[PDB]
Amino acid sequence: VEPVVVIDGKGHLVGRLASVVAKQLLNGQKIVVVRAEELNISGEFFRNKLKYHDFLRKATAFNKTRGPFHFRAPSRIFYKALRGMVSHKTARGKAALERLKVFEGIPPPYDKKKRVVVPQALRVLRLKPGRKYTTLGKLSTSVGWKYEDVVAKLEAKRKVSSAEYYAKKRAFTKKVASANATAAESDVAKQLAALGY
Amino acid sequence: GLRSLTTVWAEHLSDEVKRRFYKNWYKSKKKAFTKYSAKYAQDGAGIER
Amino acid sequence: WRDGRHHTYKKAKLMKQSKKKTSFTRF
Amino acid sequence: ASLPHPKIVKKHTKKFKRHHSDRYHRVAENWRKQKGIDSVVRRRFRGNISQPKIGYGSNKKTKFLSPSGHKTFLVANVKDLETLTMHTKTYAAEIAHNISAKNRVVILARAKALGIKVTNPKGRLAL
Amino acid sequence: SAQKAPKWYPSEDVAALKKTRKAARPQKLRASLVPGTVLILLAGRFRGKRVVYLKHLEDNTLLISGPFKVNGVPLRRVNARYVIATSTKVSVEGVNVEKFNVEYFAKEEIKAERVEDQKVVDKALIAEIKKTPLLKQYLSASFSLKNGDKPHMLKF
Amino acid sequence: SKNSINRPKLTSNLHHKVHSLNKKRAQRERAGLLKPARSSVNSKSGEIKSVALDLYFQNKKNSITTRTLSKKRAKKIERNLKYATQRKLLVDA
Amino acid sequence: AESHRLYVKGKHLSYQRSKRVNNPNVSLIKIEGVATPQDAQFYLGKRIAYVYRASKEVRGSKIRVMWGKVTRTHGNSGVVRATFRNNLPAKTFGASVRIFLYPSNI
RNA sequence: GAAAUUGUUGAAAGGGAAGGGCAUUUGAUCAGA
RNA sequence: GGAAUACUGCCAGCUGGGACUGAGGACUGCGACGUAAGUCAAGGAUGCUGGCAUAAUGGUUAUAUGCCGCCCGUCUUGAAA
RNA sequence: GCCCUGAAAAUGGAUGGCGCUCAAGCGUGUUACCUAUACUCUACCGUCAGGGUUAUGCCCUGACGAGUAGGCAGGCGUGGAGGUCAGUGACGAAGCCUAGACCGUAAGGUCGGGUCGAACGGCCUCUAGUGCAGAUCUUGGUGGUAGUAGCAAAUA
RNA sequence: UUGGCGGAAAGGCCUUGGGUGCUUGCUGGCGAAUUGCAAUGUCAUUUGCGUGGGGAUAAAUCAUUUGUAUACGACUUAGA
């Protein structure tokens, strides 16, 4: 119901998010994923590291430069999981993937914007408690991603700025709600209450 | 990775480095860092910024 | 800004990017 | 002008081309049945050219009719034209290719006098 | 001879049509359409403009006035299937719709007959519109679908 | 598109191509190389189309072409036009 | 005032298709806010328009239109089948479409 | 004075083939009434 | 002790929306509604209205897009090989 | 009952892939839904049968349509011959080119434009040295390979 | 127009003042018509030529040369 949808990857499952996103792009919705480093996978760390190693040992033998390119970042892991769903070898699939943008962390201009979630892809809702899960920043740093220490240092600044913003907005909202409560009990407000507002 | 966001040069430079910037030195007017030296004016607001 | 030519050059780059749709962050 | 007729529908407007007539110059577009037993076109595999068959045939009431609603009749002279004195709402004259311009004007004049439609006027008559 | 001749020739006698058993029968309009009902137009010059309903005509159409005074819509013929019928209503008493028929609108600037008829009807229409609060402004306004509006759920 | 996944490639290429082609079409229209509408006075719809007669009447009204006229055909056209105007005069009288 | 919309926004998803076969004569439309066939039964029979832009101006407009009708539902999620006078070109999978409120039964 | 084949001009397509079938968009071109 | 409802089934019960089709070409027939007169949804669609009247619809052609599509013939149980 | 093990090598690799963990897995049950040249209804083409009617034709009705070796039937086309159109034609015959038009399910036929400059067609029949993608086919011609290999023995 | 913040791809955020219009917060007065019963019915940068804003005055490549280089291209140097 929007021109563009920003999705916070925190607390989500890679494959389910990939499925819903792919079917949205193929329908024509523009989507932007952020905080891929906080993304989650089902199963313990060991299993998924073993899986990535199984993927990593695969390579064209007579020339390694033309084989499966093993991208280490969480954004690229998610992009792989997604591209395997889309028929990316078609113009339709290319145009679909060109409606997508994946980012580690929340950079500008999306930091000053609203983010959403997908409840049929969240870990806490889809998984049963008492089940091991894996996080993608840890996995990528294990398999050779050399940037997890900068993204944390930057998110620690973004969060402070956002907290200042929220502390301002929350006092403004208190003022507004108090003024509205004082305006209430007027006959205009009674009519609005009757009509459902 | 690492990104360069600014580079600052000196006021006066030598014909040697100017030659490095140039590829046909004997024909040019040698206009390399004229406007930068001009940007090195009274207080150097840009330089200090 | 840096106030001399970076302003014009950067706004022109961004508008070329937004007309050709060749921008990494913006659509 | 012509008679009322049912609406014309054809069932196949596209031409029936021979297999590999696009691939070879020696193989012409005239239709020829593939007699091969290993032939996917004869075996009617999915994703192949269509073959002519009587199911594609046109309706008898609209057969041999041009969009004007007339059946074409070739004409070389005023005598062949006067065969169609009655049948103006069913038939339409078409002057033969071998006819000359001094006789074409005669044929057109008589066709105008008799109230006959000519299919190919302006032939050798641009002057 | 170039093309010899056919021995057979079809006769050029064109035959009459069979007696068709398809008689015109009057229209059965939906329940929501009743005179004095406020209507929303979905197409035309005046798409999205709220008007009133006055009369059903011989050619299946509906006669409507804006009124012209408030929203700028004249006496007009409108199809019933390009219209939404609100539950809002006005009482029609005294307006002379008897004059207007299908021949009134045949066309073959504006006619003094037309402006005369329009004024004399919309004085009597405004007189009853003034009873309800805000109906003048409601009819002056235009209709539009906002974000989050679903016509299958919307009561009109 | 793997080295830059967040940059559109094909949509930009197709934007470029469609604008490419639209400009060329508009200029081929401005240069009068495309044929006019069916009802325009200079149109040739229903008539016969022959570059020989076109060149004949152009050189009677009297920057590189493959269109010539064959003086043979020019003499033939003059002959047949004399016949045509003879018939028109016999209608005359 | 700010909005003059008298249509509903929808998306052209696909043609009617099997696994490996498609019927271009029938198209599939997803309507905004419609989640069930019980709701799409409202929108059946409605008129559909795909509006696109060309460079040429043909009859006083650079804007061209393809008209069609909604015919029936498709599945359980509120998707509908549609038929146009001329079938859509398949470069429009993921393109917006206008579903008008006429012909109205209200 | 055909075809294979070739040159110039004009239009178009082209991310490790091309060609073909169904359907339509876009551009060009065209007949009938 | 008194009812109701569910389930199953029936109605030659009522009503509404949506899609595709309109074959045939004077009459003849079974029927129905009607005091008759005649009328009718009864042996295949009629009626009202607007716009354009031309490249607009449509065809042909060069491309693009979605899906499909292995190079022909012969030989043999059977091959893209 | 489910789970682990219950042995299997060597280019990198496949529940079809992505990926899935109160499943997008196993078992079972209840509904809704997708979808074939299959089933139903309608139109059209053809065949077959049955009827009707002063015309190997016209009309009504209905059921059917896979196909190799192979069989039967109806048709299209080429060279020459008898007849006929008192046919066509230097105001342009045949032939050739053609993003142009039309008719037939098709074989094929017809038209327009351009080139060409002297003979050629429809119909009732006859006749045959009568229709090609192949045959490591015949003759002739032409290409990519390719401005490439190379034009380096014998002293200059 | 004041002042401040913001470097992850900041290119945006907030703020001061004075102008300039509008205000459907409330009540009035005029106009709409024939787009003819619907036809999406079109509403959201400049490159190019009037525009006269209208002044300021760089390089690379070939050729030549060098050999820290080299099959040829390339590379590396020099030359008013």
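How high is the relative contact order of chain G, given as a whole-number percent (alpha carbon pairs under 8 Å, six or more residues apart)?
36 percent
Based on the alpha carbons, how large is the Rg to Rh ratio for chain D when Rh follows Kirkwood?
Ratio of gyration radius to Kirkwood radius: 1.14.
To make sure I understand, if each residue's beta carbon is the centre and we count other beta carbons within 10 Å, what order do A:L139, E:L33, F:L90 fall in, fewest to most?
By the 10 Å Cβ count, ascending, the order reads F:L90, E:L33, A:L139.
What Kirkwood hydrodynamic radius do you get for the range G:33-90 when you take the inverse of the mean 1/r over all pairs of distinct Cα atoms, in Å?
12.9 Å
Could you state the number of Å between the C-alpha centres of the range E:1-75 and the range A:115-172?
When both Cα centres are located, 63 Å separates them.
For the range A:148-197, count all C-alpha to C-alpha pairs, find those more than 12 Å apart, and express that count as a whole percent of the total.
Cα-Cα pairs in the range A:148-197 separated by more than 12 Å: 73 percent.
What FRET efficiency would be calculated for the residue pair F:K17, G:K56, taking the C-beta separation as r and a Förster radius of 25 Å, to the nearest 0.05?
Here the calculated transfer efficiency is 0.90.
Which whole-angstrom value gives the distance between the alpha carbon centres of the range E:86-109 and the range F:36-93?
Using only Cα atoms, the two centres lie 63 Å from each other.
Work out the length of the dipole vector of the protein assembly as shown about its Cα centre, built from +1 on the beta-carbon of each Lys and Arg and -1 on the beta-carbon of each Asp and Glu, and round it to the nearest 20 debye.
4140 debye
Would you mind computing, in nm to one decimal, how far apart the modelled labels at D:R124 and F:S1 are, each placed 7 Å from Cα along Cα→Cβ?
6.1 nm
Between D:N120 and residues 5 or more places away or on another chain, which pairs have amide H atoms under 5 Å apart, with H built 1.01 Å from N, and which residues are they?
D:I95
Residue-wise, which Karplus ³J(HN,Hα) couplings in Hz belong to the range A:24-35, taking 6.51 cos²θ - 1.76 cosθ + 1.60, θ = phi - 60°, and x for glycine or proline?
The phi angles translate into 6, 4, 5, 8, x, 8, 8, 9, 9, 9, 9, 6 Hz.
Using alpha carbon coordinates only, what is the Rg to Rh ratio of chain E, with Rh defined as the Kirkwood radius?
Reported Rg/Rh (Cα atoms, Kirkwood Rh): 1.26.
So, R0 is 60 Å and r is the distance between the beta-carbons of A:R92 and E:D59; what FRET efficiency does that work out to, to 0.05?
0.80
Any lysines with Cα under 21 Å of the F:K88 Cα? List them, leaving off those in the same chain fewer than 8 positions away.
Straight-distance partners of F:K88: D:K102, D:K112, D:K122, F:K60, F:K75, F:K76.
Can you compute log10 of I(q)/I(0) for the range D:2-70 with the Debye formula, treating each Cα as one identical point scatterer, at q = 0.24, 0.27 Å⁻¹?
Values returned for q = 0.24, 0.27 Å⁻¹ are -1.09, -1.26.
Among D:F16, D:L108, D:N77, whose Cα sits farthest toward the positive end of the charge dipole of the range D:6-127 (+1 at Cβ of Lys/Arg, -1 at Cβ of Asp/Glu, about the Cα centre)?
Of the candidates, D:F16 comes out farthest on the positive side.
Report the chymotrypsin sites (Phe, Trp or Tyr not before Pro) located in the range E:1-78 that are in a DSSP loop and have at most 16 other Cβ atoms inside 10 Å of their Cβ, or state none.
When the chymotrypsin sites (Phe, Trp or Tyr not before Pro) of the range E:1-78 are filtered for loop state and at most 16 Cβ neighbours within 10 Å, E:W8 remain.
Please return the longest stretch of chain A lacking exposed loop sites, where trypsin sites (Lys or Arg not before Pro) count only if DSSP places them in a loop and at most 13 other Cβ atoms lie within 10 Å.
In short, A:1-56.
Taking every DSSP beta bridge that has both residues in the protein assembly as shown, what percent is antiparallel when rounded to the nearest 5?
75 percent
Non-local amide H neighbours of E:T37 (under 5 Å, H modeled in plane, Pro and chain starts lacking H): which ones?
E:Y53, E:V90
Using the Karplus curve 6.51 cos²θ - 1.76 cosθ + 1.60 with θ = phi - 60°, what ³J(HN,Hα) values do you get for each residue of the range G:71-86, in whole Hz, with x for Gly and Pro?
10, 6, 8, 7, x, 10, 9, x, 9, 10, 8, 9, 10, 10, 4, 10
Within the range G:1-74, which trypsin sites (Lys or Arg not before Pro) sit in a loop by DSSP and count at most 15 neighbouring Cβ atoms inside 10 Å?
For trypsin sites (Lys or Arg not before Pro) across the range G:1-74 that sit outside H, G, I, E and B with at most 15 neighbouring Cβ atoms in 10 Å, the list reads G:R5, G:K19, G:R20, G:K56, G:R59, G:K62.
Work out the mean other chain Cβ neighbour count within 10 Å for the residues of C:18-24 and drop it here as an integer.
Across the residues of C:18-24, the mean count of other-chain Cβ atoms within 10 Å is 6.
For Cα pairs less than 8 Å apart in space and 6+ apart in sequence, what is the mean separation divided by the residue count of chain D, i.e. the relative contact order in percent?
Computed over chain D, the figure is 22 percent.
Got a sec to turn the phi values of the range F:56-62 into Karplus ³J(HN,Hα) couplings, 6.51 cos²θ - 1.76 cosθ + 1.60 with θ = phi - 60°, whole Hz, x for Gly and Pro?
Karplus values, whole Hz, x for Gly and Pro: 4, 5, 5, 6, 6, 4, 3.
Checking the cross-link filter: which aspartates and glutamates have an alpha carbon closer than 17 Å to that of E:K130, excluding same-chain neighbours under 8 positions apart?
Leaving aside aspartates and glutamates fewer than 8 places away in the same chain, those within reach of E:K130 are E:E93, E:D122.
Using a basic spin-label model with each label point 7 Å from the Cα along Cα→Cβ, how many nm lie between A:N63 and B:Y36?
For the pair A:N63/B:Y36, the computed spacing is 4.1 nm.
If you filter the range A:113-197 for GluC sites (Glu not before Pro), then keep DSSP loop positions with at most 14 other Cβ within 10 Å, what is left?
A:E185
In whole Å, how far is the Cα centre of the range G:31-106 from that of the range A:13-86?
Centre-to-centre distance over Cα atoms comes out at 36 Å.
Using only the Cα atoms of the range F:26-93, build the gyration tensor, take square roots of its eigenvalues as a ≥ b ≥ c, and label the shape rounded, prolate or oblate: rounded if a/c is under 1.5, else prolate if a/b is larger than b/c, else oblate.
oblate
Counting other C-beta atoms within 10 Å, which of A:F172, A:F103 has the fewest, and how do the rest follow?
Neighbour counts put them in this order, fewest first: A:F172, A:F103.
What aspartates and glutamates could a cross-link reach from F:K9, if we take a straight Cα to Cα line under 16 Å and drop same-chain neighbours fewer than 8 places away?
Within reach: A:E98.
Restricting to Cα atoms and excluding each atom paired with itself, what does the Kirkwood estimate give for the protein assembly as shown in Å?
36.4 Å
Listing E:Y82, B:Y22 from the residue with the fewest other Cβ atoms within 10 Å to the one with the most, what is the order?
Fewest-to-most Cβ neighbours within 10 Å comes out as B:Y22, E:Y82.
Of the listed pairs A:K49/A:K132; A:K112/C:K21; A:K10/A:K58; E:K89/E:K111, which have alpha-carbon separations greater than 19 Å here?
Pairs exceeding 19 Å: A:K112/C:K21; A:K10/A:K58; E:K89/E:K111.
For every helix of n ≥ 4 consecutive DSSP H residues, a contribution of -39,500 (n - 2.57) applies; sum these over the protein assembly as shown, divide by its total residues, and give [θ] at 222 nm rounded to the nearest 500 deg cm²/dmol.
Taking each H run of at least 4 residues, the total per residue is -9500 deg cm²/dmol.
Step through the table entries C:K19/F:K35; B:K18/C:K10; D:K60/E:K22, compare each Cα-Cα distance with 31 Å, and write down the pairs that go over it.
C:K19/F:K35, as the Cα separations exceed 31 Å there.
Count charges around F:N59 for me, please; just the other residues with Cβ under 14 Å from its Cβ, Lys/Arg as +1, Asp/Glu as -1.
Residues near F:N59 contribute +4 overall.
Can you give the translational diffusion coefficient of chain A in µm²/s, computed by Stokes-Einstein from the Kirkwood radius over Cα pairs at 25 °C and 0.890 mPa s?
124 µm²/s
Computed from the coordinates by the stated procedures, all read-outs in this text should not be read as laboratory data. When we count neighbours, we look across all protein chains shown, and the Cβ atoms used for this are built from the backbone with ideal geometry, even at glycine.
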